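**Q** Below is the structure I would like to discuss, written out as structure tokens.
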Number of protein chains: 4
Amino acid sequence: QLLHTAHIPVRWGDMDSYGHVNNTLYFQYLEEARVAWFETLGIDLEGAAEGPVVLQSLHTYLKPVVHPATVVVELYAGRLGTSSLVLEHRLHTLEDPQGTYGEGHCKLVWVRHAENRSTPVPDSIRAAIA
Amino acid sequence: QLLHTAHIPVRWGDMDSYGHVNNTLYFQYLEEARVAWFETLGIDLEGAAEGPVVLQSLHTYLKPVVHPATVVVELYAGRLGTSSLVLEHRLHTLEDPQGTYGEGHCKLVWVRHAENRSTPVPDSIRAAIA
Amino acid sequence: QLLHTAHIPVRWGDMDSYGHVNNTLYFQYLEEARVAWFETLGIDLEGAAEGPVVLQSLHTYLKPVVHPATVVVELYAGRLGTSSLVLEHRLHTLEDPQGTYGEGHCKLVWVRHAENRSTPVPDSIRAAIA
Amino acid sequence: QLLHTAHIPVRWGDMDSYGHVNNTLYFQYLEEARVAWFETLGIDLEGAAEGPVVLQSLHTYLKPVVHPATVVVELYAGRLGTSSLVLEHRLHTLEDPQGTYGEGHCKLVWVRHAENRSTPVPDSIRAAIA
Ligand SMILES: [Cl-]
Ligand SMILES: [Cl-]
Ligand SMILES: [Cl-]
Ligand SMILES: [Cl-]
């Protein structure tokens with residue numbers, strides 16, 4: 001199930017000395033896409049007592065991106081636990097909407113932060129998925 | 001004279017622990033705007049033997065930007081020398097198009113890179129300004 | 001087998017609005033550690049016709065880092081193929097040398113870049129591992 | 001008067017497609033140096049009700065830095081007002097301690113943040129300077 005599609009313009013300063021987007025920056029793109037998805041659901045990250053924490057990131061690099069470009073990040077529902085969710089991702093560009101530039105996943109766990117303890121996934125996400 | 005207006009979306013990761021865009025990032029926004037202006041003029045930065053080099057950056061911070069936001073960078077023609085140009089800038093947001101969030105300038109000098117020597121400003125810029 | 005230990009100071013600007021190092025930045029730390037390992041082996045990344053390309057990154061986030069801190073990145077030899085190597089990593093801090101802050105791996109493939117084709121791993125790495 | 005000397009290792013990912021440190025990153029180096037100076041004075045930036053805010057940054061780029069390198073940031077006392085201080089800077093490298101790679105200043109104003117109003121510079125800084 002597709003949860004969210006984000007369009008993330010590439011900045012010239014995102015490139016490294018290889019002259020393509022630096023490999024680190026793809027994780028910022030993925031972060032931006034999740035933040036936008038969270039925003040659509042009123043999860044604002046703005047110092048809430050409970051919210052999603054990244055446990056694990058996996059990314060496979062398949063094709064480089066070169067400025068100027070707009071990266072398209074598709075987020076898909078992976079497995080939902082009581083307090084965790086796997087968000088699967090695929091990355092394309094606007095000019096190359098069917099090329100897969102990279103893919104992977106982000107495992108999120110919902111935690112009450114001041115307490116360091118897992119808490120249930122919000123109703124909105126259960127509703128979206130389930 | 002207004003040379004270029006760029007729209008630069010703010011990324012959540014652009015913020016620092018103060019919860020506003022980190023002061024360093026405004027220079028990336030200014031860089032992106034100049035790169036876009038250069039692109040409109042076919043100055044591609046893509047390893048040309050000659051091109052613009054930043055000599056000096058000045059920026060005055062007036063109002064913070066908080067995600068989500070789109071920064072609007074206006075570039076104005078400052079003083080043009082035989083091989084240098086002052087690009088004056090003003091920064092607003094899309095939601096606050098008349099608030100000045102920051103302002104300053106970037107002095108550019110055209111140089112042949114392998115030689116470290118100043119060269120004339122391209123005709124396109126002289127034409128645009130003059 | 002431990003291949004390399006890098007010490008990577010944390011910069012204040014590495015933190016995000018959560019007030020810990022931004023999750024993206026751990027990949028820069030891992031990149032810096034690999035670049036330093038490569039440097040010890042005279043793999044300079046400086047535009048060589050052949051060299052290592054990141055195929056995949058996996059990282060598990062276990063404990064946050066807060067500025068000021070020095071991240072310690074340990075790189076271990078994972079599985080070696082004819083033209084690929086898995087570099088396994090563990091992350092600690094100088095003050096907490098036995099806490100595991102994160103762990104994962106980076107799969108590298110050696111490729112001739114202008115040709116997009118896999119090439120053998122350098123003798124130095126085979127020698128180090130084997 | 002020299003207030004502080006910081007040593008800031010350059011990271012490979014600090015470089016852009018020109019193959020030198022990206023011009024934006026010098027401002028991060030300057031930020032790191034000020035944060036370290038502030039730390040020596042027990043100004044911790046960690047959510048204090050009052051503290052220094054950057055009003056203006058000026059930097060002149062004189063020589064590029066190429067990885068690997070350690071940037072040396074020297075901070076000097078410029079003019080002290082009742083609630084502002086100009087911190088003048090000069091940038092060198094460890095290998096080139098007398099080459100000036102860049103120079104400029106950062107104007108800081110002390111402000112109570114929740115109120116947006118200038119407040120006196122801390123005794124420690126007046127003592128250091130005066
Ligand atoms: Cl595109
Ligand atoms: Cl906006
Ligand atoms: Cl530490
Ligand atoms: Cl050095």
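Following the order of the structure tokens, first chain is A, next is B, and so on, with residues numbered from 1 inside each chain and ligands from 1 in the order they appear.
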Return as a PDB file with N, CA, C and O atoms, in the first residue's frame every polymer residue, whether protein, DNA or RNA, with at least one atom no more than 10 Å from an atom of ligand 1; count only C-alpha atoms and all ligand atoms.
**A**
```pdb
ATOM      1  N   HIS A   7       8.035  14.904  -3.087  1.00  0.00           N
ATOM      2  CA  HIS A   7       8.923  15.419  -4.134  1.00  0.00           C
ATOM      3  C   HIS A   7       9.966  16.306  -3.466  1.00  0.00           C
ATOM      4  O   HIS A   7       9.601  17.278  -2.816  1.00  0.00           O
ATOM      5  N   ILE A   8      11.242  15.952  -3.624  1.00  0.00           N
ATOM      6  CA  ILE A   8      12.307  16.577  -2.841  1.00  0.00           C
ATOM      7  C   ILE A   8      13.322  17.130  -3.851  1.00  0.00           C
ATOM      8  O   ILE A   8      14.129  16.353  -4.422  1.00  0.00           O
ATOM      9  N   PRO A   9      13.321  18.455  -4.053  1.00  0.00           N
ATOM     10  CA  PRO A   9      14.337  18.999  -4.959  1.00  0.00           C
ATOM     11  C   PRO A   9      15.733  18.766  -4.429  1.00  0.00           C
ATOM     12  O   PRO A   9      16.007  19.026  -3.233  1.00  0.00           O
ATOM     13  N   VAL A  10      16.625  18.414  -5.337  1.00  0.00           N
ATOM     14  CA  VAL A  10      18.052  18.280  -5.057  1.00  0.00           C
ATOM     15  C   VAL A  10      18.720  19.626  -5.087  1.00  0.00           C
ATOM     16  O   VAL A  10      18.447  20.432  -5.973  1.00  0.00           O
ATOM     17  N   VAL A  65      22.025  10.191  -8.622  1.00  0.00           N
ATOM     18  CA  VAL A  65      21.249  11.367  -8.994  1.00  0.00           C
ATOM     19  C   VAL A  65      22.245  12.499  -9.177  1.00  0.00           C
ATOM     20  O   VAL A  65      23.182  12.658  -8.392  1.00  0.00           O
ATOM     21  N   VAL A  66      22.019  13.295 -10.212  1.00  0.00           N
ATOM     22  CA  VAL A  66      22.835  14.435 -10.511  1.00  0.00           C
ATOM     23  C   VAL A  66      21.982  15.705 -10.573  1.00  0.00           C
ATOM     24  O   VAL A  66      20.982  15.750 -11.263  1.00  0.00           O
ATOM     25  N   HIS A  67      22.438  16.755  -9.895  1.00  0.00           N
ATOM     26  CA  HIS A  67      21.769  18.070  -9.970  1.00  0.00           C
ATOM     27  C   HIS A  67      21.769  18.640 -11.394  1.00  0.00           C
ATOM     28  O   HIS A  67      22.760  18.517 -12.127  1.00  0.00           O
ATOM     29  N   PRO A  68      20.693  19.330 -11.792  1.00  0.00           N
ATOM     30  CA  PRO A  68      19.451  19.553 -11.084  1.00  0.00           C
ATOM     31  C   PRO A  68      18.556  18.294 -11.226  1.00  0.00           C
ATOM     32  O   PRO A  68      18.525  17.669 -12.285  1.00  0.00           O
ATOM     33  N   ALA A  69      17.759  18.019 -10.211  1.00  0.00           N
ATOM     34  CA  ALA A  69      16.852  16.902 -10.247  1.00  0.00           C
ATOM     35  C   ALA A  69      15.882  17.061  -9.077  1.00  0.00           C
ATOM     36  O   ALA A  69      16.164  17.771  -8.110  1.00  0.00           O
ATOM     37  N   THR A  70      14.737  16.409  -9.202  1.00  0.00           N
ATOM     38  CA  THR A  70      13.778  16.276  -8.103  1.00  0.00           C
ATOM     39  C   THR A  70      13.621  14.798  -7.776  1.00  0.00           C
ATOM     40  O   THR A  70      13.216  13.987  -8.624  1.00  0.00           O
ATOM     41  N   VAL A  71      13.988  14.428  -6.554  1.00  0.00           N
ATOM     42  CA  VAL A  71      13.861  13.052  -6.123  1.00  0.00           C
ATOM     43  C   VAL A  71      12.419  12.811  -5.697  1.00  0.00           C
ATOM     44  O   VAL A  71      11.833  13.619  -5.026  1.00  0.00           O
ATOM     45  N   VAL A  72      11.869  11.669  -6.085  1.00  0.00           N
ATOM     46  CA  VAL A  72      10.535  11.272  -5.724  1.00  0.00           C
ATOM     47  C   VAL A  72      10.712  10.121  -4.790  1.00  0.00           C
ATOM     48  O   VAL A  72      11.342   9.096  -5.110  1.00  0.00           O
ATOM     49  N   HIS A  92      12.813   7.480  -7.037  1.00  0.00           N
ATOM     50  CA  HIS A  92      12.860   7.716  -8.475  1.00  0.00           C
ATOM     51  C   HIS A  92      13.238   9.237  -8.624  1.00  0.00           C
ATOM     52  O   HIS A  92      13.455   9.933  -7.649  1.00  0.00           O
ATOM     53  N   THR A  93      13.216   9.727  -9.842  1.00  0.00           N
ATOM     54  CA  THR A  93      13.298  11.182 -10.100  1.00  0.00           C
ATOM     55  C   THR A  93      12.047  11.567 -10.884  1.00  0.00           C
ATOM     56  O   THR A  93      11.406  10.734 -11.522  1.00  0.00           O
ATOM     57  N   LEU A  94      11.716  12.845 -10.880  1.00  0.00           N
ATOM     58  CA  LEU A  94      10.611  13.311 -11.665  1.00  0.00           C
ATOM     59  C   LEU A  94      10.798  13.004 -13.146  1.00  0.00           C
ATOM     60  O   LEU A  94       9.825  12.624 -13.791  1.00  0.00           O
ATOM     61  N   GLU A  95      12.008  13.183 -13.670  1.00  0.00           N
ATOM     62  CA  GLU A  95      12.269  12.921 -15.104  1.00  0.00           C
ATOM     63  C   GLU A  95      12.344  11.428 -15.443  1.00  0.00           C
ATOM     64  O   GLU A  95      12.279  11.038 -16.605  1.00  0.00           O
ATOM     65  N   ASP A  96      12.513  10.594 -14.415  1.00  0.00           N
ATOM     66  CA  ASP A  96      12.730   9.187 -14.586  1.00  0.00           C
ATOM     67  C   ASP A  96      11.850   8.465 -13.574  1.00  0.00           C
ATOM     68  O   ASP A  96      12.348   7.830 -12.647  1.00  0.00           O
ATOM     69  N   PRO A  97      10.514   8.592 -13.737  1.00  0.00           N
ATOM     70  CA  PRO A  97       9.592   8.181 -12.669  1.00  0.00           C
ATOM     71  C   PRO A  97       9.520   6.678 -12.473  1.00  0.00           C
ATOM     72  O   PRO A  97       9.074   6.209 -11.423  1.00  0.00           O
TER      73      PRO A  97
END
```
**Q** Using only C-alpha atoms and a distance of at most 9 Å, pull out the residues of chain C that contact chain A, as a PyMOL selection string.
**A** chain C and resi 17-18+23-28+31+45-47+54-62
**Q** Can you write just those residues out, N, CA, C and O atoms, as a compact mmCIF listing (two decimals), in the first residue's frame?
**A**
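As a result, part.txt now contains:
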```txt
# COMPACT_ATOMS: atom_id res chain seq x y z
N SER C 17 16.57 19.33 15.63
CA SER C 17 15.72 19.96 16.60
C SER C 17 15.40 19.04 17.81
O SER C 17 14.85 19.54 18.81
N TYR C 18 15.69 17.73 17.75
CA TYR C 18 15.57 16.83 18.90
C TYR C 18 16.69 17.04 19.89
O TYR C 18 16.62 16.52 20.99
N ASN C 23 19.88 11.68 12.60
CA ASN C 23 20.12 10.30 12.18
C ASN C 23 20.88 10.18 10.90
O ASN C 23 21.68 9.24 10.74
N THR C 24 20.70 11.11 9.98
CA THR C 24 21.47 11.16 8.70
C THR C 24 22.99 11.23 8.91
O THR C 24 23.78 10.66 8.14
N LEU C 25 23.41 12.02 9.91
CA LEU C 25 24.81 12.31 10.15
C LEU C 25 25.64 11.03 10.49
O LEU C 25 26.83 11.00 10.23
N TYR C 26 25.01 9.99 11.04
CA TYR C 26 25.75 8.77 11.33
C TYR C 26 26.34 8.16 10.09
O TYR C 26 27.45 7.63 10.09
N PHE C 27 25.64 8.36 8.97
CA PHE C 27 26.18 7.89 7.69
C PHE C 27 27.37 8.66 7.17
O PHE C 27 28.24 8.07 6.51
N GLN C 28 27.44 9.94 7.57
CA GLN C 28 28.62 10.74 7.28
C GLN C 28 29.78 10.26 8.13
O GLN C 28 30.94 10.26 7.65
N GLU C 31 30.95 7.13 6.52
CA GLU C 31 31.71 7.53 5.35
C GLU C 31 33.10 8.02 5.67
O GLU C 31 34.06 7.58 5.03
N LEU C 45 40.34 8.01 -3.76
CA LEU C 45 38.97 8.41 -4.12
C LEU C 45 38.96 9.66 -5.03
O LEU C 45 37.89 10.07 -5.51
N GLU C 46 40.18 10.11 -5.34
CA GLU C 46 40.52 11.40 -5.94
C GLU C 46 40.37 11.35 -7.46
O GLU C 46 41.13 12.00 -8.17
N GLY C 47 39.39 10.57 -7.94
CA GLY C 47 39.11 10.49 -9.37
C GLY C 47 39.79 9.32 -10.06
O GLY C 47 40.08 9.39 -11.26
N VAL C 54 29.50 2.32 -2.80
CA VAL C 54 28.53 1.82 -1.85
C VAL C 54 27.26 1.26 -2.57
O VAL C 54 26.55 1.97 -3.27
N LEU C 55 26.97 -0.02 -2.34
CA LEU C 55 25.78 -0.65 -2.88
C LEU C 55 24.64 -0.58 -1.86
O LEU C 55 23.48 -0.48 -2.24
N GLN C 56 24.98 -0.78 -0.60
CA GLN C 56 23.97 -0.86 0.43
C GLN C 56 24.49 -0.40 1.79
O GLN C 56 25.64 -0.69 2.18
N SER C 57 23.62 0.29 2.53
CA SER C 57 23.92 0.70 3.89
C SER C 57 22.84 0.25 4.80
O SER C 57 21.68 0.50 4.49
N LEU C 58 23.23 -0.35 5.92
CA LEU C 58 22.30 -0.73 6.95
C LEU C 58 22.82 -0.19 8.26
O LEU C 58 23.99 -0.33 8.58
N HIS C 59 21.95 0.48 9.02
CA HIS C 59 22.34 0.96 10.29
C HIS C 59 21.20 0.84 11.28
O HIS C 59 20.09 1.30 11.00
N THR C 60 21.52 0.28 12.44
CA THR C 60 20.62 0.19 13.56
C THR C 60 21.03 1.20 14.65
O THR C 60 22.19 1.20 15.08
N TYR C 61 20.07 2.05 15.03
CA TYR C 61 20.23 3.14 15.97
C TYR C 61 19.86 2.63 17.37
O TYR C 61 18.72 2.27 17.67
N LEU C 62 20.84 2.66 18.26
CA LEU C 62 20.63 2.11 19.58
C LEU C 62 20.65 3.13 20.71
O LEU C 62 19.89 3.02 21.68
```
**Q** Pick out the residues sitting within 12 Å of stretch 77-79 of chain B, and hand them over as a PyMOL selection string; count only C-alpha atoms, and ignore anything fewer than 6 positions along from it in its own chain.
**A** chain B and resi 1-4+34+37+85-90+104-109+125-130
**Q** Mind the document's chain letters and residue numbers, and return as a ChimeraX atom specification the residues of stretch 7-122 of chain C that DSSP labels alpha helix (DSSP H).
**A** /C:25-40
**Q** Do you have the atom CA of residue D:120-atom CA of residue D:82 distance handy?
**A** 5.7 Å
